[PDB]
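Peer 1: Residue numbers (the authors' numbering), protein chains in the order written: chain A, 415 to 423; chain E, 1 to 141, 147 to 230; chain B, 1 to 214. The beta-carbon is built from N, C-alpha and C at its ideal position, and this holds for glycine as well.
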Amino acid sequence: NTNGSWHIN
Amino acid sequence: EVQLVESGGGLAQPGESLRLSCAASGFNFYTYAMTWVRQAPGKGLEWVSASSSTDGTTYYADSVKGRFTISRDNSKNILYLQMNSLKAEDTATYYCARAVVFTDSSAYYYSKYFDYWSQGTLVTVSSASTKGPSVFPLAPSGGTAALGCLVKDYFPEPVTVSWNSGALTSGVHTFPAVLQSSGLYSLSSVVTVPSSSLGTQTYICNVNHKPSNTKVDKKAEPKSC
Amino acid sequence: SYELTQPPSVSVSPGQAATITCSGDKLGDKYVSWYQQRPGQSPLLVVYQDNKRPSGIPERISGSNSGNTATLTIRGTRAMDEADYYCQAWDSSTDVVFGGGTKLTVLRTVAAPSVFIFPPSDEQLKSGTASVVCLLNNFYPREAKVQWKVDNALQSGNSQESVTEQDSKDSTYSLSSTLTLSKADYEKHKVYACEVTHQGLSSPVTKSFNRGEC
Numbered sequence: 415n416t417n418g419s420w421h422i423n
Numbered sequence: 001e002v003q004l005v006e007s008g009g010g011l012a013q014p015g016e017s018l019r020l021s022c023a024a025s026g027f028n029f030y031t032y033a034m035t036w037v038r039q040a041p042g043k044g045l046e047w048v049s050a051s052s053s054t055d056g057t058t059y060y061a062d063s064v065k066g067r068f069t070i071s072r073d074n075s076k077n078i079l080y081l082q083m084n085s086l087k088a089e090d091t092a093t094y095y096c097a098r099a100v101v102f103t104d105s106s107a108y109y110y111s112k113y114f115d116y117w118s119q120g121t122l123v124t125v126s127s128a129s130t131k132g133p134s135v136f137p138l139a140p141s147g148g149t150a151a152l153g154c155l156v157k158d159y160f161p162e163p164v165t166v167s168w169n170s171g172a173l174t175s176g177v178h179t180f181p182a183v184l185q186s187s188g189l190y191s192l193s194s195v196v197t198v199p200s201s202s203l204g205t206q207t208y209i210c211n212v213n214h215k216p217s218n219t220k221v222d223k224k225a226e227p228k229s230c
Numbered sequence: 001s002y003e004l005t006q007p008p009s010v011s012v013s014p015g016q017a018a019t020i021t022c023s024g025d026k027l028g029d030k031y032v033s034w035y036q037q038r039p040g041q042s043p044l045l046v047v048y049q050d051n052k053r054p055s056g057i058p059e060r061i062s063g064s065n066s067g068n069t070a071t072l073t074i075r076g077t078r079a080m081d082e083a084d085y086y087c088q089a090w091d092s093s094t095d096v097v098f099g100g101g102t103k104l105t106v107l108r109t110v111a112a113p114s115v116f117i118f119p120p121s122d123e124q125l126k127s128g129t130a131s132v133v134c135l136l137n138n139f140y141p142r143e144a145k146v147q148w149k150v151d152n153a154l155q156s157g158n159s160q161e162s163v164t165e166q167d168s169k170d171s172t173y174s175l176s177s178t179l180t181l182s183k184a185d186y187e188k189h190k191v192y193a194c195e196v197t198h199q200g201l202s203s204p205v206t207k208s209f210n211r212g213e214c
């Protein structure tokens, strides 16, 4: 998972 | 055991504010994005807002941007939703949900899902005032008899009804509320029972309208002679 | 602007497989999750990442996504499966996007309603209003007609009705109809009746009472 990040960039 | 308990909300005037809170336990809150999802009465699910786990980033549906603010406190395992400048379109059941966002090399590809949901809290946006209901017995003047309680003239929703303190669940029908032309809700709760149990078995409806702090126990029996 | 499309209703016989479709442009590369929402309850995750099943969800419920249509299939539908089902994905234009939802109806045999009438309580009568209630219990299909008669005069628009969701055990519906009158109007008549028409009834069924009479 993104480890709790909703969006990346 | 994953747990999400929502507080705040209820009734508010249009233009005013309300603040929702979501208390979390039984999981690693530090590794999860936390969200708000709402459902307008009788309508579908709509995503409202998200808070990322550690970087402080916040996300909103176009419908709520500028008016609503999500925030979290990892040190306290709590999610908040500050709802300013409330509108009639904001009237809905609000759920707080734990989200799962997945591992993508670049962006454009996303897997976001809500794996645990709170019970949900109703937010009513209206100029109408809180009113506690009246509780009247429903009793007959063959083999099966019907009994009930009419929960009349209340605002806002919701009301809950049990029978015999939860010991009577079979044959119970608690009807969806109807809004009367007065702008007040009314609902009925009924139970079918053998006719031979009347005046032998006591039947009592337990009504609760938490918004007005009304809690009533009403015996549903035929009129005495 | 991105939209997910669901049929507003799906009907299925018990023991049969129900198929709920979810449609959107370029759905192939998107990850679809499904939610079961039973009446008065929070949504429950039944499918995640197109076809994965959470722990606690029966083997009967499984997901699929092929081409531009996502599919939720429930093997051997039972009465407790009546619920609203939502598909959900993600798009750059909307972030989290949901389908409009699909109500799952369970197809059972015709069941005639049992009818009951309730006079207003003497207690409510002190408030200056009288509510007369008619109960149509455990019927299928949902369509039913309730007509209010006061001293044999057909009543128009002084009534409101409410229908329950399909019963989770027996797949029937129940309906309550409320007739509202002022205390003065109520006291001016003797016979209060509710007349019921339904597919399962070979003639109308009437339940009545005479005002006062214990």
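Strictly by DSSP, which residues pair up with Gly176/E?
Peer 2: Looking at the DSSP output, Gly176/E sits in no beta bridge, so it has no partner there.
Peer 1: Alpha carbon to alpha carbon, what distance is there between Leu138/E and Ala193/B?
Peer 2: 15 Å
Peer 1: On the three-state DSSP scale, how would you describe residue 146/E?
Peer 2: Residue 146/E cannot be located in this model; chain E continues from 141 straight on to 147.
Peer 1: Residues of chain A with a CB under 8 Å from the CB of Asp55/E: which are they?
Peer 2: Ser419
Peer 1: Got a sec? Which residues, its chain only, sit under 8 Å from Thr69/B by beta carbon, not counting five neighbours each side?
Peer 2: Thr21, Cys22, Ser23 and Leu27
Peer 1: DSSP three-state label for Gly28/B, please.
Peer 2: helix
Peer 1: Counting only runs of 3+ residues fully inside the segment 63–129 of chain B, write out the beta strand (DSSP E) ranges in chain order.
Peer 2: 69–74, 84–91, 95–98, 102–106 and 114–118
Peer 1: Classify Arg75/B: buried if its beta carbon has 16 or more other beta carbons within 10 angstroms, exposed otherwise.
Peer 2: exposed
Peer 1: Just to confirm before moving on: does the CB-CB distance between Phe114/E and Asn415/A stay below 7 Å?
Peer 2: No.
Peer 1: Kindly say whether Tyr32/E, judged by its beta-carbon, lies nearer than 7 Å to any beta-carbon of chain A.
Peer 2: yes
Peer 1: Give the straight-line distance between the Cα atoms of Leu79/E and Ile209/E, rounded to the nearest whole angstrom.
Peer 2: 39 Å
Peer 1: By Cβ distance below 7 Å, which residues in the same chain neighbour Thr180/B in space, the five residues on each side in sequence not counted?
Peer 2: When the five nearest sequence neighbours on each side are left out, the beta carbons in the same chain lying within less than 7 Å of the beta carbon of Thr180/B are those of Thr129, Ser131 and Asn158, in order along the chain.
Peer 1: Per DSSP, which residues does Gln3/E bridge with? Please list them.
Peer 2: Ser25/E
Peer 1: Grouping DSSP H, G and I as helix and E and B as strand, with all else coil, what is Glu162/E?
Peer 2: coil
Peer 1: Which residues does DSSP list as the beta-bridge partners of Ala151/E?
Peer 2: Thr197/E
Peer 1: In chain order, what residues of the same chain have a beta carbon less than 6 Å from the beta carbon of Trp117/E, not counting five sequence neighbours either side?
Peer 2: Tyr95 and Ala97
Peer 1: Determine whether the beta carbon atoms of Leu125/B and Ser176/B lie at a separation below 7 Å.
Peer 2: In this structure, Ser176/B does not lie closer than 7 Å to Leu125/B by Cβ.
Peer 1: Does the segment 172–180 of chain E come close enough to the segment 122–133 of chain E to have 3 or more Cβ pairs within less than 8 Å?
Peer 2: no
Peer 1: Is it the case that the segment 201–211 of chain B contacts the segment 116–123 of chain B, given that we only count it when at least three CB pairs across the two stretches are under 8 Å?
Peer 2: A contact exists between the segment 116–123 of chain B and the segment 201–211 of chain B.
Peer 1: Using only alpha-carbon positions, find the residue among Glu6/E, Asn28/E and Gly66/E that is nearest to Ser53/E.
Peer 2: The option with the nearest alpha carbon to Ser53/E is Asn28/E.
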